[PDB]
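Reviewing the structure listed below.
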Amino acid sequence: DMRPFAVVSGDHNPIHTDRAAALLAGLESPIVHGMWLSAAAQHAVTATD
Amino acid sequence: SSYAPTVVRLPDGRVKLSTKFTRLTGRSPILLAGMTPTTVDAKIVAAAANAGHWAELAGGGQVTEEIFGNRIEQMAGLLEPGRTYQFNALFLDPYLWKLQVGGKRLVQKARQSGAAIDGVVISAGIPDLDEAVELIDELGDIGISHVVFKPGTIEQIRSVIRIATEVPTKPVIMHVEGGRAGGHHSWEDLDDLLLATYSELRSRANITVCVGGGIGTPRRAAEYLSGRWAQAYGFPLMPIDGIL
Amino acid sequence: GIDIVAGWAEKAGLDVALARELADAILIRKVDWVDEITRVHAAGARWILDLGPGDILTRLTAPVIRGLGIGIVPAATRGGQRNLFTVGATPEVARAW
Amino acid sequence: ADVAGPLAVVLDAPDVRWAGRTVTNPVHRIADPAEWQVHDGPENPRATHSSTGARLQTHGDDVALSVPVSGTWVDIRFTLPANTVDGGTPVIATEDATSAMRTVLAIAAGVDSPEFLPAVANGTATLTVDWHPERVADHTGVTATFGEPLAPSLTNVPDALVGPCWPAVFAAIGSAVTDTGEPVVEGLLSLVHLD
Amino acid sequence: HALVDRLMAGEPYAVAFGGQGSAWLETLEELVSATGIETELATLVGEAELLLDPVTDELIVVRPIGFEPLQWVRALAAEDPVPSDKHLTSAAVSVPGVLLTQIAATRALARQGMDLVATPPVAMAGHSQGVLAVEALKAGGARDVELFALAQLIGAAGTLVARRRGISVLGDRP
């Protein structure tokens with residue numbers, strides 16, 4: 001579920017969360033935020049071991 | 001006898017014909033087939049589409065990207081808003097098929113960009129079951145909704161029947177063309193094909209049969225569309241859904 | 001976090017005083033287990049039941065009731081319920097020191 | 001083959017005109033084959049979808065498809081010219097697309113479209129927001145979820161100031177314009193993050 | 001039930017409530033499968049959800065899944081995939097889960113024939129978290145919904161604040 005990222009980040013675009021809007025946009029299922037991927041890659045590159 | 005055409009009245013008082021092809025597509029049962037020499041230009045196809053008829057843009061004249069784009073542009077220019085046209089693609093010609101459908105998805109890209117293409121006709125032979133099914137789902141995914149196969153001989157029609165059987169939900173449209181058709185030549189008579197195949201054709205409920213080849217004066221089309229053509233061979237009425 | 005719980009309680013439809021007090025008890029103040037067990041014993045509890053998940057309290061309380069003659073039997077467990085509800089099988093309590 | 005009127009025309013049509021562009025029918029896009037039950041009690045036909053809660057109310061000689069997105073409803077209006085009688089696709093006029101996409105933008109950014117998204121100045125849209133560095137911690141709690149050996153860096157990751165500025169970017173998108181053309185209303189539903 | 005017979009006839013006894021880090025899901029699933037308190041627990045969870053409807057936006061931040069314990073026990077009994085151990089150990093889902101398991105244990109023992117109000121236990125033994133179960137049992141079963149609600153609230157707030165500070169678990173080291 002990507003609602004937690006939607007609320008913490010601030011963009012509530014329904015394509016990432018809603019199913020009806022995902023169907024309207026032409027997608028079979030909702031897709032994750034790309035900026036989630038951006039932040040995850042940033043944390044991976046700045047992770048400490 | 002249940003397949004006989006029905007007459008309906010439009011809201012503006014006009015009187016039309018109702019065969020299952022017209023019910024599937026919402027257009028007149030009279031089809032303007034794709035034409036390698038003639039229907040390449042957008043004038044005739046656009047004028048046929050604006051009249052409310054199944055209009056085909058032949059892919060044998062769109063041989064490079066530039067003319068394809070220019071033809072799409074002038075097609076959008078000519079068509080009044082709300083009108084849609086179809087496309088004819090050659091399957092056994094490798095270069096054109098790859099340029100338009102297979103390799104470069106020029107038809108797919110044009111439809112995605114917003115072209116009024118609402119159908120694709122797979123001419124010059126039929127594909128095998130696997131890639132034909134992949135074509136059906138892919139073209140449905142991009143939003144075409146009308147994939148048409150035109151078989152030439154009995155075995156080709158039976159393979160199209162098998163393709164329709166493999167996908168019982170999606171509707172298919174057939175363009176069975178006889179031997180007297182122009183351009184490239186087939187040595188099979190339309191009546192023989194229809195006699196041999198009509199039973200299996202009407203067995204499946206998602207098959208729309210359009211026949212062509214030898215249809216000259218509109219009297220022949222009228223007598224063919226009502227199933228009265230089978231009376232000559234000593235058969236019951238064998239109605240069809242449209243002629244090209 | 002106590003004021004966060006208080007704000008969520010006030011925004012919701014339940015009281016805040018008990019909310020703040022439970023939050024303080026479960027988040028801030030140190031818990032003491034030995035003195036709690038001694039208070040339980042001073043109350044006279046001959047047997048103690050652990051209704052919590054698993055038996056972590058069973059293995060965590062046995063060293064504290066080790067020599068007080070207080071019996072232990074697990075709850076929310078197959079073996080504990082079997083010990084509790086069968087006549088012929090009850091856990092043995094060692095002699096008080 | 002069980003209903004008539006504009007409702008049947010909208011339901012059956014597979015293609016529509018979305019601001020000078022032929023796209024798949026949104027009612028078809030939600031659920032294509034005859035998945036919409038009909039009701040004709042007081043003789044105002046309407047079609048609803050179960051798994052999505054969509055509706056197909058009719059305003060006399062008009063058809064509107066309403067979809068519950070998140071709490072609120074998006075209304076798209078179908079205009080039916082005389083062309084649609086024989087093979088003509090329904091036309092979704094540009095202003096109906098404006099209304100629907102502005103509601104979707106309000107959903108994605110704030111509360112409501114009218115004067116709640118940040119206003120746009122001569123060229124720019126400005127916002128003033130409060131900042132708390134612990135929101136960075138609660139953001140990386142849901143973002144950084146790798147395995148055991150790694151740990152989030154002690155410094156704030158650059159993808160943290162992007163949080164409060166989302167309404168401004170959505171307002172800028174809403175007020176964006178091409179060379180004599182606005183990309184806020186035609187394809188906001190098809191909008192995606194490129195880079 | 002000789003021990004239960006003695007306790008009913010009168011033997012000074014107490015009840016202890018478990019704490020943190022006990023793997024509540026397995027014991028709760030075993031209890032629900034052996035007894036069948038799924039209806040009452042489902043009603044309790046539904047009432048708790050209805051009680052804290054306004055705070056869903058802030059509360060969803062700390063639970064990736066959403067704390068549907070009944071679905072999880074139903075899946076586990078059916079040998080279906082279950083939430084990961086990290087997603088179950090999390091406080092926002094743990095501290096409500098262990099309390100639900102404790103309440104289920106009390107109800108199961110009450111159904112089995114061990115009534116805790118006919119013979120009130122002499123002492124209320126509450127461990128690190130059990131204080132909330134002690135509060136639930138100190139009164140009747142008429143405040144369980146409210147305490148479940150703020151158990152969810154305090155679990156979510158504890159996870160949130162521990163992430164705000166460095167008190168949360170970094171890697172393997174808890």
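Residues in the structure tokens are named by chain (A, B, ... in the order shown) and by number from 1 within that chain; ligands are numbered from 1 in the order shown.
Using only C-alpha atoms, the residues found no farther than 6 Å from segment 84-96 of chain E, other than those of its own chain fewer than 2 positions away, are residues 67, 98, 99, 151, 152, 155, 156 and 159 of chain E.
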| said: Applying 6 Å and only C-alpha atoms, which residues near segment 11-27 of chain A remain after dropping the ones on its own chain fewer than 3 positions away? List them as a PyMOL selection string. | reply: (chain A and resi 6+30-32) or (chain D and resi 30+108+189-190)
Any chance you could export the current selection's C-alpha atoms as a PDB file, in the first residue's frame?
ATOM      1  CA  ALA A   6       1.164   9.613  -0.036  1.00  0.00           C
ATOM      2  CA  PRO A  30      -2.080   1.526  -9.188  1.00  0.00           C
ATOM      3  CA  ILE A  31       1.637   2.231  -9.541  1.00  0.00           C
ATOM      4  CA  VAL A  32       4.116   3.269  -6.869  1.00  0.00           C
TER       5      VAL A  32
ATOM      6  CA  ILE D  30     -13.606   1.024 -15.926  1.00  0.00           C
ATOM      7  CA  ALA D 108      -4.001  15.185  -5.576  1.00  0.00           C
ATOM      8  CA  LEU D 189      -5.075  11.612 -15.623  1.00  0.00           C
ATOM      9  CA  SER D 190      -2.251  10.521 -17.959  1.00  0.00           C
TER      10      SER D 190
END
| query | Hey, what's within 10 Å of residue 12 of chain D if we count only C-alpha atoms and toss same-chain stuff fewer than 5 positions away? As JSON, numbers by chain, please? | reply | {"B": [23, 24, 25, 26], "D": [1, 6, 7, 25, 27, 28, 32, 33, 34, 89]}
Just-selected residues, N, CA, C and O atoms written as a CSV table (one decimal), in the first residue's frame:
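Just written: selection-v2.csv:
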chain,number,residue,atom,x,y,z
B,23,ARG,N,-24.8,-3.7,-36.0
B,23,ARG,CA,-25.0,-3.6,-34.5
B,23,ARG,C,-23.6,-3.6,-33.8
B,23,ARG,O,-23.4,-3.0,-32.8
B,24,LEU,N,-22.6,-4.3,-34.4
B,24,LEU,CA,-21.3,-4.4,-33.7
B,24,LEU,C,-20.6,-3.1,-33.9
B,24,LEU,O,-20.0,-2.6,-32.9
B,25,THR,N,-20.6,-2.5,-35.1
B,25,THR,CA,-19.8,-1.3,-35.3
B,25,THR,C,-20.6,0.0,-35.4
B,25,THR,O,-20.0,1.1,-35.3
B,26,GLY,N,-21.9,0.0,-35.5
B,26,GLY,CA,-22.7,1.2,-35.6
B,26,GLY,C,-22.6,1.9,-36.9
B,26,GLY,O,-22.9,3.1,-37.0
D,1,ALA,N,-28.7,-4.0,-25.8
D,1,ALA,CA,-30.0,-4.7,-26.2
D,1,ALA,C,-30.9,-4.9,-25.1
D,1,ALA,O,-31.8,-5.8,-25.1
D,6,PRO,N,-29.9,8.1,-24.6
D,6,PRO,CA,-28.5,8.4,-24.6
D,6,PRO,C,-27.6,7.5,-23.7
D,6,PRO,O,-26.4,7.4,-23.9
D,7,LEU,N,-28.2,6.9,-22.6
D,7,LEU,CA,-27.5,6.0,-21.8
D,7,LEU,C,-26.9,4.8,-22.5
D,7,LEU,O,-25.8,4.5,-22.4
D,25,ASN,N,-13.3,4.8,-24.2
D,25,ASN,CA,-14.4,5.2,-23.5
D,25,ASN,C,-14.1,5.0,-22.0
D,25,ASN,O,-13.9,3.9,-21.6
D,27,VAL,N,-16.1,4.9,-19.4
D,27,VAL,CA,-17.0,3.9,-18.9
D,27,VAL,C,-16.6,2.5,-19.4
D,27,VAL,O,-16.7,1.5,-18.6
D,28,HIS,N,-16.2,2.4,-20.6
D,28,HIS,CA,-15.6,1.1,-21.0
D,28,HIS,C,-14.3,0.8,-20.3
D,28,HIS,O,-14.0,-0.3,-20.0
D,32,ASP,N,-15.4,-3.1,-19.2
D,32,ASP,CA,-15.9,-3.0,-20.6
D,32,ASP,C,-17.2,-3.7,-20.8
D,32,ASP,O,-18.2,-3.1,-21.1
D,33,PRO,N,-17.2,-5.1,-20.7
D,33,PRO,CA,-18.4,-5.8,-21.3
D,33,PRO,C,-19.6,-5.9,-20.3
D,33,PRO,O,-19.5,-6.8,-19.4
D,34,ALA,N,-20.6,-5.2,-20.6
D,34,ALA,CA,-21.9,-5.3,-19.9
D,34,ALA,C,-21.8,-5.7,-18.4
D,34,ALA,O,-22.5,-6.6,-18.0
D,89,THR,N,-18.7,8.9,-32.4
D,89,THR,CA,-18.3,8.7,-31.0
D,89,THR,C,-18.8,9.9,-30.1
D,89,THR,O,-18.9,11.0,-30.6
So that each row is one residue of chain B with an atom at most 12 Å from chain A, can you give its shortest atom pair and the distance in Å to one decimal, using only C-alpha atoms, rows by chain and rising number, as a tab-separated table?
residue	atom	partner	partner_atom	distance
B:112	CA	A:26	CA	11.5
B:141	CA	A:26	CA	9.3
B:142	CA	A:26	CA	9.6
B:143	CA	A:26	CA	10.3
| request: Assign secondary structure with DSSP using the backbone only, and return the residues of chain A in alpha helix (DSSP H) as a PyMOL selection string. | output: chain A and resi 3-9+14-17+20-24+34-45
Preceding selection exported with N, CA, C and O atoms as a CSV table (one decimal), in the first residue's frame:
chain,number,residue,atom,x,y,z
A,3,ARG,N,-0.5,4.4,0.3
A,3,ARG,CA,-1.1,5.5,1.1
A,3,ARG,C,-0.1,6.1,2.1
A,3,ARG,O,-0.1,7.3,2.3
A,4,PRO,N,0.6,5.3,2.9
A,4,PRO,CA,1.6,5.9,3.8
A,4,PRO,C,2.6,6.9,3.2
A,4,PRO,O,2.8,8.0,3.7
A,5,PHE,N,3.1,6.5,2.0
A,5,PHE,CA,4.0,7.5,1.3
A,5,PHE,C,3.2,8.7,0.8
A,5,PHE,O,3.8,9.8,0.8
A,6,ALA,N,2.0,8.5,0.4
A,6,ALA,CA,1.2,9.6,0.0
A,6,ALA,C,1.0,10.6,1.1
A,6,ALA,O,1.1,11.8,0.9
A,7,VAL,N,0.7,10.1,2.3
A,7,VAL,CA,0.4,11.1,3.4
A,7,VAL,C,1.7,11.7,3.9
A,7,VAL,O,1.7,12.9,4.3
A,8,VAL,N,2.8,10.9,4.0
A,8,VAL,CA,4.0,11.5,4.5
A,8,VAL,C,4.7,12.5,3.5
A,8,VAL,O,5.2,13.5,3.9
A,9,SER,N,4.6,12.2,2.2
A,9,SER,CA,5.2,13.0,1.2
A,9,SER,C,4.3,14.3,0.9
A,9,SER,O,4.8,15.4,1.1
A,14,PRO,N,-4.4,10.1,-7.2
A,14,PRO,CA,-5.1,8.9,-7.1
A,14,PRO,C,-4.6,7.7,-7.9
A,14,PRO,O,-4.9,6.5,-7.6
A,15,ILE,N,-3.8,8.0,-8.9
A,15,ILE,CA,-3.3,6.9,-9.7
A,15,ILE,C,-2.4,5.9,-8.9
A,15,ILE,O,-2.4,4.7,-9.2
A,16,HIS,N,-1.7,6.5,-7.9
A,16,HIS,CA,-0.8,5.7,-7.1
A,16,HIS,C,-1.6,4.9,-6.0
A,16,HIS,O,-1.2,3.8,-5.6
A,17,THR,N,-2.8,5.4,-5.6
A,17,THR,CA,-3.6,4.8,-4.5
A,17,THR,C,-4.9,4.3,-5.0
A,17,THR,O,-5.2,3.1,-4.7
A,20,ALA,N,-10.1,2.9,-9.1
A,20,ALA,CA,-10.9,3.5,-10.2
A,20,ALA,C,-10.1,4.5,-11.0
A,20,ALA,O,-10.2,4.5,-12.2
A,21,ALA,N,-9.4,5.4,-10.3
A,21,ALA,CA,-8.6,6.4,-11.0
A,21,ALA,C,-7.4,5.7,-11.8
A,21,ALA,O,-7.0,6.2,-12.8
A,22,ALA,N,-6.9,4.6,-11.3
A,22,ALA,CA,-5.9,3.9,-12.0
A,22,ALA,C,-6.4,3.3,-13.3
A,22,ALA,O,-5.8,3.3,-14.3
A,23,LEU,N,-7.7,2.8,-13.2
A,23,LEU,CA,-8.3,2.3,-14.4
A,23,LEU,C,-8.6,3.4,-15.4
A,23,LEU,O,-8.4,3.3,-16.6
A,24,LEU,N,-9.0,4.6,-14.9
A,24,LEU,CA,-9.3,5.7,-15.7
A,24,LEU,C,-8.0,6.2,-16.4
A,24,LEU,O,-8.1,6.6,-17.6
A,34,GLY,N,7.0,7.3,-8.3
A,34,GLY,CA,8.4,7.3,-8.7
A,34,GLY,C,9.4,8.0,-7.8
A,34,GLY,O,10.5,7.6,-7.6
A,35,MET,N,8.9,9.1,-7.1
A,35,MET,CA,9.7,9.8,-6.2
A,35,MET,C,10.0,9.0,-4.9
A,35,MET,O,11.0,9.2,-4.2
A,36,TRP,N,9.1,8.0,-4.6
A,36,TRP,CA,9.5,6.9,-3.7
A,36,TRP,C,10.7,6.2,-4.1
A,36,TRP,O,11.6,6.0,-3.3
A,37,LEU,N,10.8,5.9,-5.4
A,37,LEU,CA,12.0,5.2,-5.9
A,37,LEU,C,13.2,6.2,-5.8
A,37,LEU,O,14.3,5.7,-5.5
A,38,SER,N,13.0,7.4,-6.1
A,38,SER,CA,14.1,8.4,-6.0
A,38,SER,C,14.6,8.5,-4.5
A,38,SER,O,15.8,8.4,-4.3
A,39,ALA,N,13.7,8.6,-3.5
A,39,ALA,CA,14.2,8.6,-2.2
A,39,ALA,C,14.8,7.3,-1.7
A,39,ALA,O,15.8,7.3,-0.9
A,40,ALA,N,14.3,6.2,-2.2
A,40,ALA,CA,14.8,4.9,-1.8
A,40,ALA,C,16.3,4.8,-2.4
A,40,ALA,O,17.2,4.3,-1.7
A,41,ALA,N,16.5,5.2,-3.6
A,41,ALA,CA,17.8,5.2,-4.2
A,41,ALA,C,18.7,6.1,-3.5
A,41,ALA,O,19.9,5.8,-3.3
A,42,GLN,N,18.2,7.3,-3.1
A,42,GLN,CA,19.0,8.2,-2.3
A,42,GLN,C,19.5,7.6,-1.0
A,42,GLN,O,20.7,7.7,-0.6
A,43,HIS,N,18.6,6.9,-0.3
A,43,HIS,CA,18.9,6.3,1.0
A,43,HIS,C,19.9,5.1,0.8
A,43,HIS,O,20.8,4.9,1.6
A,44,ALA,N,19.7,4.4,-0.3
A,44,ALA,CA,20.6,3.3,-0.7
A,44,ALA,C,22.0,3.8,-1.0
A,44,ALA,O,23.0,3.2,-0.6
A,45,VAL,N,22.1,5.0,-1.6
A,45,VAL,CA,23.4,5.6,-1.9
A,45,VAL,C,24.0,6.3,-0.7
A,45,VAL,O,25.3,6.4,-0.6
| request: Name the residues in contact with residue 59 of chain C at a cut-off of 12 Å, using only C-alpha atoms, excluding same-chain residues fewer than 2 positions from it; report them as a list in words. | output: residues 50, 54, 55, 56, 57, 61, 62, 63, 64, 65, 66, 72, 73 and 74 of chain C; 18 and 22 of chain E
| task | For each of B:111, B:185, B:219, B:98, take the minimum atom-to-atom distance to chain D, counting only C-alpha atoms, then give the residue where this is smallest. | result | B:111
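For the choices D:41, D:147, D:174, D:14, the atom-to-atom distance to residue 102 of chain D is smallest for D:174 when using only C-alpha atoms.
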Can you check which parts of chain C lie within 9 Å of chain E? Per residue, the shortest pair of atoms and distance in Å to one decimal, counting only C-alpha atoms, sorted by chain and number, as a Markdown table.
| residue | atom | partner | partner_atom | distance |
| --- | --- | --- | --- | --- |
| C:1 | CA | E:161 | CA | 6.0 |
| C:2 | CA | E:157 | CA | 8.4 |
| C:4 | CA | E:157 | CA | 6.7 |
| C:5 | CA | E:154 | CA | 6.2 |
| C:8 | CA | E:55 | CA | 6.8 |
| C:9 | CA | E:150 | CA | 7.5 |
| C:11 | CA | E:54 | CA | 7.4 |
| C:12 | CA | E:52 | CA | 5.9 |
| C:13 | CA | E:51 | CA | 6.8 |
| C:14 | CA | E:146 | CA | 7.1 |
| C:19 | CA | E:150 | CA | 6.8 |
| C:22 | CA | E:132 | CA | 7.1 |
| C:23 | CA | E:154 | CA | 6.4 |
| C:25 | CA | E:131 | CA | 7.6 |
| C:26 | CA | E:129 | CA | 5.7 |
| C:27 | CA | E:158 | CA | 7.3 |
| C:30 | CA | E:128 | CA | 8.5 |
| C:31 | CA | E:128 | CA | 6.0 |
| C:32 | CA | E:128 | CA | 8.4 |
| C:33 | CA | E:127 | CA | 7.1 |
| C:36 | CA | E:125 | CA | 7.0 |
| C:37 | CA | E:125 | CA | 7.5 |
| C:39 | CA | E:123 | CA | 8.1 |
| C:40 | CA | E:123 | CA | 5.5 |
| C:41 | CA | E:123 | CA | 8.6 |
| C:43 | CA | E:122 | CA | 6.3 |
| C:44 | CA | E:12 | CA | 6.1 |
| C:45 | CA | E:13 | CA | 4.4 |
| C:46 | CA | E:12 | CA | 5.5 |
| C:47 | CA | E:13 | CA | 4.6 |
| C:48 | CA | E:14 | CA | 4.6 |
| C:49 | CA | E:15 | CA | 4.4 |
| C:50 | CA | E:16 | CA | 4.4 |
| C:51 | CA | E:17 | CA | 5.3 |
| C:52 | CA | E:18 | CA | 3.7 |
| C:53 | CA | E:24 | CA | 5.1 |
| C:54 | CA | E:22 | CA | 6.0 |
| C:55 | CA | E:22 | CA | 7.8 |
| C:56 | CA | E:22 | CA | 6.4 |
| C:57 | CA | E:18 | CA | 5.8 |
| C:75 | CA | E:105 | CA | 7.4 |
| C:76 | CA | E:105 | CA | 5.5 |
| C:77 | CA | E:27 | CA | 6.9 |
| C:78 | CA | E:30 | CA | 8.5 |
| C:81 | CA | E:109 | CA | 8.7 |
| C:83 | CA | E:3 | CA | 8.3 |
| C:84 | CA | E:3 | CA | 5.9 |
| C:85 | CA | E:1 | CA | 4.1 |
| C:86 | CA | E:1 | CA | 4.6 |
| C:87 | CA | E:2 | CA | 4.4 |
| C:88 | CA | E:2 | CA | 7.6 |
| C:89 | CA | E:2 | CA | 8.6 |
| C:90 | CA | E:3 | CA | 6.9 |
| note | atom CA of residue 227 of chain B sits from atom CA of residue 14 of chain B at a separation of 24.3 Å
| task | May I ask you to extract the residues of chain E within 9 Å of chain A, using only C-alpha atoms, and to give them as number ranges by chain? | result | E: 57-58, 60-65
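Distance criterion 10 Å to chain E, applied with only C-alpha atoms, yields residues 133, 134, 135, 136, 137, 138, 139, 140, 141, 142, 146, 147, 148, 149, 150, 151 and 152 of chain D on chain D.
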| Neighbour list for residue 72 of chain D as a ChimeraX atom specification, cut-off 9 Å, only C-alpha atoms, skip fewer than 4 positions in-chain | /D:67-68,103,107
Residues from last step as file, C-alpha atoms, as a compact mmCIF listing (two decimals), in the first residue's frame:
# COMPACT_ATOMS: atom_id res chain seq x y z
CA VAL D 67 -16.71 8.02 -10.19
CA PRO D 68 -15.82 7.93 -6.46
CA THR D 103 -11.29 18.11 -9.26
CA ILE D 107 -7.71 15.58 -4.85
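In this model, the gap between atom CA of residue 197 of chain B and atom CA of residue 56 of chain B comes to 25.6 Å.
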| field | Contacts of segment 120-129 of chain B at 9 Å (only C-alpha atoms; same-chain gap of 5+ positions) as a VMD selection string | value | chain B and resid 34 56 86 to 93 107 134 139 144 to 152 156 to 157 159 to 160 162 to 163 166 175
Please build the interface table for chain B against chain D with a cut-off of 8 Å, listing for each qualifying residue the nearest atom pair and the distance in Å to one decimal; count only C-alpha atoms, order rows by chain and increasing number, and write it as JSON lines.
{"residue": "B:10", "atom": "CA", "partner": "D:85", "partner_atom": "CA", "distance": 7.3}
{"residue": "B:11", "atom": "CA", "partner": "D:85", "partner_atom": "CA", "distance": 7.8}
{"residue": "B:25", "atom": "CA", "partner": "D:87", "partner_atom": "CA", "distance": 6.9}
{"residue": "B:26", "atom": "CA", "partner": "D:87", "partner_atom": "CA", "distance": 4.7}
{"residue": "B:27", "atom": "CA", "partner": "D:87", "partner_atom": "CA", "distance": 5.2}
{"residue": "B:28", "atom": "CA", "partner": "D:86", "partner_atom": "CA", "distance": 7.8}
{"residue": "B:52", "atom": "CA", "partner": "D:86", "partner_atom": "CA", "distance": 6.0}
{"residue": "B:81", "atom": "CA", "partner": "D:20", "partner_atom": "CA", "distance": 7.8}
{"residue": "B:82", "atom": "CA", "partner": "D:88", "partner_atom": "CA", "distance": 4.9}
{"residue": "B:83", "atom": "CA", "partner": "D:88", "partner_atom": "CA", "distance": 5.4}
{"residue": "B:84", "atom": "CA", "partner": "D:88", "partner_atom": "CA", "distance": 7.5}
{"residue": "B:111", "atom": "CA", "partner": "D:22", "partner_atom": "CA", "distance": 7.9}
{"residue": "B:112", "atom": "CA", "partner": "D:23", "partner_atom": "CA", "distance": 7.9}
{"residue": "B:113", "atom": "CA", "partner": "D:21", "partner_atom": "CA", "distance": 8.0}
{"residue": "B:114", "atom": "CA", "partner": "D:21", "partner_atom": "CA", "distance": 4.8}
{"residue": "B:115", "atom": "CA", "partner": "D:22", "partner_atom": "CA", "distance": 6.3}
{"residue": "B:116", "atom": "CA", "partner": "D:22", "partner_atom": "CA", "distance": 5.8}
{"residue": "B:118", "atom": "CA", "partner": "D:15", "partner_atom": "CA", "distance": 7.9}
{"residue": "B:143", "atom": "CA", "partner": "D:24", "partner_atom": "CA", "distance": 5.9}
{"residue": "B:145", "atom": "CA", "partner": "D:14", "partner_atom": "CA", "distance": 7.6}
Mind dumping the selected residues with C-alpha atoms as a PDB file, in the first residue's frame?
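Below is the file that was written, result29.pdb:
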ATOM      1  CA  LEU B  10     -33.272   6.448 -36.636  1.00  0.00           C
ATOM      2  CA  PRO B  11     -34.309   9.409 -34.444  1.00  0.00           C
ATOM      3  CA  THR B  25     -19.804  -1.279 -35.337  1.00  0.00           C
ATOM      4  CA  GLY B  26     -22.691   1.189 -35.592  1.00  0.00           C
ATOM      5  CA  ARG B  27     -22.112   1.830 -39.306  1.00  0.00           C
ATOM      6  CA  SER B  28     -23.795   0.887 -42.560  1.00  0.00           C
ATOM      7  CA  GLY B  52     -21.206   6.762 -41.955  1.00  0.00           C
ATOM      8  CA  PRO B  81     -15.242  15.520 -35.493  1.00  0.00           C
ATOM      9  CA  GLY B  82     -16.678  12.257 -34.202  1.00  0.00           C
ATOM     10  CA  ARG B  83     -15.999  10.275 -37.381  1.00  0.00           C
ATOM     11  CA  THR B  84     -13.567   7.350 -37.353  1.00  0.00           C
ATOM     12  CA  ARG B 111      -3.840   5.539 -32.420  1.00  0.00           C
ATOM     13  CA  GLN B 112      -2.149   6.327 -29.095  1.00  0.00           C
ATOM     14  CA  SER B 113      -1.360   9.866 -30.271  1.00  0.00           C
ATOM     15  CA  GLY B 114      -5.069  10.398 -30.935  1.00  0.00           C
ATOM     16  CA  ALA B 115      -5.803   9.272 -34.476  1.00  0.00           C
ATOM     17  CA  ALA B 116      -9.351   8.178 -35.271  1.00  0.00           C
ATOM     18  CA  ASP B 118     -10.864   2.297 -34.728  1.00  0.00           C
ATOM     19  CA  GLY B 143      -7.828   0.685 -27.982  1.00  0.00           C
ATOM     20  CA  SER B 145     -11.425  -2.907 -30.680  1.00  0.00           C
TER      21      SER B 145
END
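Here atom CA of residue 30 of chain B stands at a distance of 13.9 Å from atom CA of residue 174 of chain B.
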